[PDB]
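Trainee: Can you look at this? It's an experimental structure, sequence on top.
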Amino acid sequence: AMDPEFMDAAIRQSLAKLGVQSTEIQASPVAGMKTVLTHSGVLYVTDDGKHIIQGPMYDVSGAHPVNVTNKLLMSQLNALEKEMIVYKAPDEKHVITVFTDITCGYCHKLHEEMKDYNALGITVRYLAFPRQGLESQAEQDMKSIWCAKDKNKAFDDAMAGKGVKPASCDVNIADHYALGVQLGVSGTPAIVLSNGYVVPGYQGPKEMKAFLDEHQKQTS
Amino acid sequence: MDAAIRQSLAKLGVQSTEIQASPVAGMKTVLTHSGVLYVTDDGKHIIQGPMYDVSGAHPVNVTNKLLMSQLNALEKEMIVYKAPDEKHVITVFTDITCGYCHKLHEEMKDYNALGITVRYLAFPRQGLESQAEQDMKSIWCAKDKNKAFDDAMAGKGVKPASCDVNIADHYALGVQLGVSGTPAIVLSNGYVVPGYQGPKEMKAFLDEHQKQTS
Ligand SMILES: [Mg+2]
């Protein structure tokens, strides 16, 4: 608190040379490296800022590798819960957070199946991840959806093909996009599980439920 | 010994061929058949390479810089086409069934004429035991390797041969360097330029790179 942070200052200064001007520096479990969040991804940086390596980092001590970068990011993820468009399941067995795009093919398929996911005990929470870019057709539309009085109704309507009624908001979609990139999201839909594990591509309700049951059993 | 690292890797089905120091205290550079992993001494944490030194004016990929030792150790099984007045040396992962590899090769004199020496290693895109692998094994086992390579590239067939070369060694090093296709051009500090590049473009990039890395 009254403790100076010379070394984190070296990290910021180093990244600045690389054009990376906005950073969030936290601890990493690897001795001599810090976790460094940027808009373009997570970087592991030595304390002195001289060596950099792209995330993610794995803990392989247990029976399966866990992505500790994503486990760490679950804190940032869960802290956007009031901006998530949530479809809760009656007796929740599992919660997933999906990065979605209203022009995304399998995002349409997934949303169509929302009832089936919910029937299986799976709650789905959406964050926005527009392919086209951080300033484009989908990105602006999704800002309007996210700022609606009833996000569920708005989202359902766009996905149904009814178009989107505009609105303006505190929410910056760019926050969702950066979290996604940090998590390693390389396209939509991107399904993020409770410990930050990002599922490879789309899984429908039956397969997802099966996978969630095992993921839960084999993660602490 | 690095027992903990090796134990961790074995749990994952990974085969280490070399474990050595890294710029990070308590973390090792681990060379595998699928790439370079950075692994803590205690066997617990892993980050996939490469690592970058960002202290100088320009970032350097230190993983590939380190790998240049492995690369240069293989100098005697490279097929070398030296430039009369050598100003740069590049190493090229090639495949005799790769279209741009023939384009690159047929311009060998023009690269040489600009002062660029080209050294080949084999990278059979279709993996080991493939026909490309076999033909290139035989090529690399010829007594006149340049004669054999030119002739295969010119369509005059490949004389069968056996020797100490194990193409898998070339392939693995390529994968470690980050080679994901042929031809792949490797500069004196391990920097990889993917795909064919013409003589003039290559000469320009080499001059820029040399200025940046001195
Ligand atoms: Mg640390």
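Mentor: The structure has been received and is ready for your questions. Residues are numbered from 1 along each chain as shown, chains lettered A, B, ... in the order given.
Trainee: can you map out the helices along chain A?
Mentor: Listed in chain order, the helices found in chain A under DSSP state H are A:6-17, A:68-78, A:105-112, A:114-119, A:137-146, A:151-160, A:173-183, A:205-217.
Trainee: Of all those helices, which one comes closest to chain B?
Mentor: For the helices of chain A, proximity to chain B was assessed by CB to the nearest CB; helix A:6-17 is nearest, at 5.7 Å. (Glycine included, C-beta is placed from N, CA and C.)
Trainee: just to revisit the earlier point, output the helices of chain A in CSV; the columns should cover distance to the ion and mean neighbour count.
Mentor: Putting these into CSV (distance: least, CB to the ion, whole Å; neighbours: other CB atoms under 10 Å in any protein chain shown) gives the following:
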stretch, distance to the ion, mean neighbour count
helix A:6-17, 11, 15
helix A:68-78, 11, 19
helix A:105-112, 37, 17
helix A:114-119, 38, 16
helix A:137-146, 35, 20
helix A:151-160, 38, 17
helix A:173-183, 18, 21
helix A:205-217, 27, 15
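Trainee: between those helices, which one is nearest to residue B:6?
Mentor: helix A:68-78 (21.2 Å; CB to CB).
Trainee: Also compute the angle for that closest one relative to helix A:173-183, please.
Mentor: Computed with axes from the mean of the first three to the mean of the last three CA atoms, to 10 degrees, the direction of helix A:68-78 lies at 160 degrees from that of helix A:173-183.
Trainee: Tell me the helices and strands packed up against helix A:68-78.
Mentor: strand A:33-38, strand A:57-59, helix A:173-183 (3 or more CB pairs under 8 Å, 6 or more residues apart in numbering or on different chains; DSSP states H and E).
Trainee: Can I get that helix in PDB? Just the C-alpha atoms.
Mentor: Taking C-alpha atoms only, helix A:68-78 is exported to PDB below (Å, rounded to 0.1, in the frame of the first residue of the first chain):
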ATOM      1  CA  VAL A  68      -4.900 -20.900 -15.000                       C
ATOM      2  CA  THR A  69      -5.100 -17.800 -17.100                       C
ATOM      3  CA  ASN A  70      -8.800 -18.500 -17.700                       C
ATOM      4  CA  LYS A  71      -9.400 -19.400 -14.100                       C
ATOM      5  CA  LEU A  72      -7.900 -16.000 -13.200                       C
ATOM      6  CA  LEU A  73     -10.200 -14.300 -15.700                       C
ATOM      7  CA  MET A  74     -13.300 -15.800 -14.300                       C
ATOM      8  CA  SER A  75     -13.000 -13.000 -11.700                       C
ATOM      9  CA  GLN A  76     -13.200 -10.400 -14.500                       C
ATOM     10  CA  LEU A  77     -15.900 -12.500 -16.200                       C
ATOM     11  CA  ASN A  78     -18.200 -12.800 -13.200                       C
END
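Trainee: neighbouring contacts of that helix?
Mentor: For helix A:68-78, contacts defined as CB atoms under 8 Å, 6 or more residues apart in numbering or on different chains pick out A:26, A:28-29, A:35, A:37, A:42, A:55-59, A:97, A:127, A:179, A:182-184, A:192, A:194-198, B:45.
Trainee: Looking at chain A, which residue is nearest the ion?
Mentor: Distance from the ion to each residue of chain A (CB to the ion) is smallest for residue A:28, at 4.0 Å.
Trainee: rewinding a little: among the contacts of helix A:68-78, name the buried ones.
Mentor: With neighbours counted using 16 or more other CB atoms under 10 Å in any protein chain shown, the contacts of helix A:68-78 contain these buried positions: A:28, A:35, A:37, A:42, A:55-59, A:97, A:127, A:179, A:182-184, A:192, A:194, A:196-198, B:45.
Trainee: how does chain A divide into domains?
Mentor: Dividing chain A into domains by curated CATH domains, as the record does, gives the ranges A:1-67, A:84-220.
Trainee: just how off-centre is stretch A:71-89 within its chain?
Mentor: In terms of CA atoms, centre = their mean, to the nearest Å, the centre of stretch A:71-89 is set 8 Å apart from its chain centre.
Trainee: what's the span of it, first residue to last?
Mentor: The first and final residues of stretch A:71-89 sit 23 Å from each other (CA to CA, to the nearest Å).
Trainee: Contact partners for the residue of chain A closest to the ion?
Mentor: Counting by CB under 8 Å, 6+ apart, residue A:28 makes contact with A:34, A:35, A:44, A:57, A:68.
Trainee: of these, closest to chain B?
Mentor: The shortest approach to chain B among those belongs to residue A:57, at 5.0 Å (CB to the nearest CB).
Trainee: Mind listing the residues bridging to the closest one?
Mentor: Beta bridges link residue A:57 to residue B:47 when assigned by DSSP bridges.
Trainee: list the contacts for it?
Mentor: Listed by CB under 8 Å, 6+ apart, the contact partners of residue A:57 are A:28, A:29, A:30, A:44, A:67, A:68, A:69, B:45, B:46, B:47.
Trainee: Widest-spaced pair of these?
Mentor: Farthest apart among these by CB to CB are A:30 and A:67. That separation is 13.8 Å.
Trainee: Nearest the middle, which residue of chain A would you pick?
Mentor: By CA atoms, centre = their mean, the mean C-alpha position of chain A lies nearest to residue A:180, the distance being 3.9 Å.
Trainee: ok, it - contacts?
Mentor: Counting by CB under 8 Å, 6+ apart, residue A:180 has contacts A:99, A:127, A:129, A:190.
Trainee: what sits up against stretch A:86-97?
Mentor: By CB under 8 Å, 6+ apart, the list of residues contacting stretch A:86-97 reads A:77, A:84, A:114, A:117-127, A:152, A:191-194, A:208-209, A:212-213, A:216.
Trainee: From the chain's centroid, how far away is it?
Mentor: Centre-to-centre, stretch A:86-97 and its host chain are 17 Å apart (CA atoms, centre = their mean).
Trainee: same thing with stretch A:115-125?
Mentor: Going by CA atoms, centre = their mean, the spacing between the C-alpha centre of stretch A:115-125 and its chain's C-alpha centre is 19 Å.
Trainee: All set, thanks.
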